Every structure is written in C-alpha cells, then in structure tokens.
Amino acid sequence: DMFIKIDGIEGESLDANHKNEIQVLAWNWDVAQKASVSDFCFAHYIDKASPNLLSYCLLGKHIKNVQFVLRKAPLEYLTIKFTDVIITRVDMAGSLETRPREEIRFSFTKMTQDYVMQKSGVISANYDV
C-alpha cells in the first residue's frame, strides 16, 4: 500500500491510518550527477483531489508539506517528506479498462527520506536547494 498526503488537498482512501489521503498506483523519482533532481511523479485514479491538483497546477499555488508513505502489506518502512511543493503537471486518460487515472508531477525545495529497519533504527537522507 502506497499513500500520499498533500496539504490542503484531500483524497478518498478508506484506510484506517491514512483516511482521506491519496492512494498511489505508481511512482517514480530520480536524481543524477550539485545534483539534477527531477520532479516527483505519482499516479492515482481520478478522485476528490483531482480538481484541486488541477487548480493548484494552473495557479502555481504552493503546498507546505507533502508526505509519501510505503507500507508492507503493516510496517511503514519508507517515508519521503517534501517542502514547498509546486504541482507542475497533470496528465489524465481513460479507456474501455478500470477508472481513468491521472499522473501528477511536482517540484519541492526540500526533502527527507526515512527508511525503517527491523524493529531497529532508521536511516535517512535529505536535500535542500
């Protein structure tokens, strides 16, 4: 299970620990070679958050915190937290065979990546621009 919590933009997950967050279907992020850091990318079904992701994109409205979480099917073993997020792309599509989905890309000035070991410690990275 994968979830993303976006300040001011609710989704519709019915998970007990992530109520009203966005269920993530796919994601990616990369960093190359002072480094070149790409937009963070996720996919979700078109849902409650969709019209607000579109507005925020179209306006360049800033989002204070975003939190992305991966859970084993129930340890939340990976957490990435982002600051000063800007929604930079919204891509939607559907066909006749599940619901339509949308891919979102966003920028950020800071991040923290926490990985949780087992129950042992935590290993972490962060970055700033």
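All residue numbers refer to positions in the sequence shown, first residue = 1.
Enquirer: I'd like the number of residues from the deposited sequence that lie between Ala73 and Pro74 yet are not in the model, binned as none, 1 to 3, 4 to 9, or 10 or more.
Expert: Per the deposited record, the segment joining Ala73 and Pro74 lacks coordinates for 1 to 3 residues.
Enquirer: How much of the deposited sequence is absent from the coordinates between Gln118 and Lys119: none, 1 to 3, 4 to 9, or 10 or more residues?
Expert: Per the record, 4 to 9 deposited residues are absent between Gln118 and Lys119.
Enquirer: Tell me which stretch, 82-90 or 42-50, has the higher mean Cα B-factor listed in the entry.
Expert: Taking the mean C-alpha B-factor of 42-50 and of 82-90, the larger value falls to 82-90.
Enquirer: For the stretches 100-108 and 61-69, which has the higher mean C-alpha B-factor as given in the deposited record?
Expert: Going by the record's values, the stretch with the higher mean is 61-69.
Enquirer: Based on the deposited C-alpha B factors for this chain, I'd like to know if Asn28 is in the lowest, middle or highest third.
Expert: For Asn28, whose C-alpha B-factor we compare with every modelled residue in the chain, the answer is the lowest third.
Enquirer: Sorting the chain's modelled residues by C-alpha B-factor, tell me whether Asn20 ends up in the lowest, middle or highest third.
Expert: For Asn20, whose C-alpha B-factor we compare with every modelled residue in the chain, the answer is the middle third.
Enquirer: Per the entry's values, where does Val129 land by CA temperature factor relative to the rest of its chain, in the lowest, middle or highest third?
Expert: According to the entry, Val129 has a C-alpha B-factor in the chain's highest third.
Enquirer: Mind checking which third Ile6 falls in for C-alpha B-factor across the chain?
Expert: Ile6: CA B-factor falls in the middle third of its chain.
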